[PDB]
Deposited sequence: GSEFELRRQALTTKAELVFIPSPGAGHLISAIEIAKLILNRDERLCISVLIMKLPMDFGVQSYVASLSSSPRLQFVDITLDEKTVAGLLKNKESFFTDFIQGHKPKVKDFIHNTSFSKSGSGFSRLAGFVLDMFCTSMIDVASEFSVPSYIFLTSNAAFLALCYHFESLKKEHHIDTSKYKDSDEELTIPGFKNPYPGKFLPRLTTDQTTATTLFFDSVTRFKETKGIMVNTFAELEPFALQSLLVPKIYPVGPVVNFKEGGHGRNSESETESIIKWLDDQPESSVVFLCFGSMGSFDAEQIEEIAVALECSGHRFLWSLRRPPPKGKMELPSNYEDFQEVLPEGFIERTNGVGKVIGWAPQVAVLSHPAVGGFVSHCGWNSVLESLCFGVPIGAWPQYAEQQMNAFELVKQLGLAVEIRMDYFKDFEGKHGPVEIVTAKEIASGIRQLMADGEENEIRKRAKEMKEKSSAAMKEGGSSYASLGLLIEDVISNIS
């Protein structure tokens, strides 16, 4: 009884790999007639993927294959410090076709014909390898539907109408974008839409190749982004989210216990939770401005404070040993019993706790889906990538977040018009986020999304049937 194998090729890096495995197990646990091969690409300096890959146990219907090139080849692929990433992924094209002939599930025997490619956004170069075997490719976007509508619009502005999108940079003119109810102010656009860099022209070349695929799985659900989703036509969109990994309870549990044990002592829906994603940090004078707003607000707070990278290079934000380096004098011993300052945080464990009632966030989409899965309203303080669009959508389109400052951009090169958001903006945003008990109407819809996000994944839900339709078309390639 033959099955169908899907060749998952996520963009390199843990996070993309973890999201690819999450959606892979959703397909395997839904339909017995499918196996999946995840192809891992590893960068040289990526501790974490190396740490995470070693923990991978190959399920009987799920094989994790590592296909990276020898270091001789990879080293010769740093030639362009802004075309590295597209060059690196393309560099694995010959080792992908080798996997198809040797290590894949094909040649039979549980064993079955190859059936499709599910590629990440940065892996559109793999569409051509899938066509050498006369087999359709797919896209799995861990971003949302509104960002796909934004990519289609700016791909059209750049390649079809040949518009120089630099004009919209920090502008006050409002754009009409398919999938956005109200005009989009230019100053809220992600930098990838206005920056004329090398990386963005190669990124929008990948958006042009979205049209060659059979389908696109987006990490959202129909009731969350209804206007953005119904503006997308080619190709067929499958909202299968919210896809999210709760299982990795690890930051291991001993420090989470103290954080959880402390939140257990706080009143319910009373603590506003500070966190800014994997690479989010702040400069000395901005952390200063946050401590004043937190004290001046009067609410309980769990603040995740990480230490910045050296700015030369040097990987991700770290952790402090003591926050005597960072914090204003007396703030620590004055927020005794009301506030706590940590480094890396068990985000899902914190957001699921009943004491947390507000989530100030950079609006990274995985973080947003985690907050909405537990009904926690958001304070929007975006930093990088598409987060400025996530913020504008959550604040102005979905009524699910209060603005801290939507036109904020964290500059890694050492680009923005605003350096410091003030404690007066932070406290006023926090004051509005936790206000009015549970008659806060932004909090009211956050409650609703928790029920709708849970309903979308169970049988009968929009994401459940949409995922069921994705599998049917995948097996329709094999018949």
remark   = Not represented among the modelled residues are deposited positions 1 to 11, 121, 263 to 265, 430
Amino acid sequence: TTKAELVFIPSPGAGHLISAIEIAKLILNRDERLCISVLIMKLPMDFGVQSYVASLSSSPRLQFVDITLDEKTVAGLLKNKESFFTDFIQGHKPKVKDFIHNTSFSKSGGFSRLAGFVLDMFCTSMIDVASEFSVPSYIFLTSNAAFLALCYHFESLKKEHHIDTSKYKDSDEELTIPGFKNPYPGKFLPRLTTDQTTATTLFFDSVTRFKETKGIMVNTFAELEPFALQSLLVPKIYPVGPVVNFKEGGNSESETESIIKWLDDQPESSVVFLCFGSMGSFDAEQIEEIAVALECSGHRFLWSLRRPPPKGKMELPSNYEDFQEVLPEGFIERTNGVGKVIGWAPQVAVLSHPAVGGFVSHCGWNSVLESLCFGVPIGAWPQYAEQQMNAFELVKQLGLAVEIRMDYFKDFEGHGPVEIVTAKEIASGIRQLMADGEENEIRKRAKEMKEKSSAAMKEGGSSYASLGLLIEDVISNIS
From here on, numbers count along this sequence of modelled residues.
query = Given the B-factors recorded for C-alpha atoms, which segment has the greater mean, 387 to 395 or 306 to 314?
reply = 306 to 314
ask   = Averaged over C-alpha atoms, is the B-factor higher for 51 to 59 or for 425 to 433 in this PDB entry?
value = 51 to 59
key: Given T208, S281, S125, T176, the residue at which the Cα B factor reaches its maximum   = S281
ask   = Can you tell me which of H101, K187, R405, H299 has the highest Cα temperature factor in the record?
value = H101
request  = Going by the recorded CA B-factors, say which third of the chain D265 sits in, lowest, middle or highest.
outcome  = highest
ask   = Among the chain's modelled residues, which third holds the C-alpha B-factor of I67?
value = highest
request  = Within this chain's modelled residues, let me know which third the CA B factor of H153 belongs to: lowest, middle or highest.
outcome  = lowest
message = Per the entry's values, where does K97 land by CA temperature factor relative to the rest of its chain, in the lowest, middle or highest third?
response = highest
task = Could you tell me which third, lowest, middle or highest, the C-alpha B-factor of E160 occupies within its chain?
result = highest
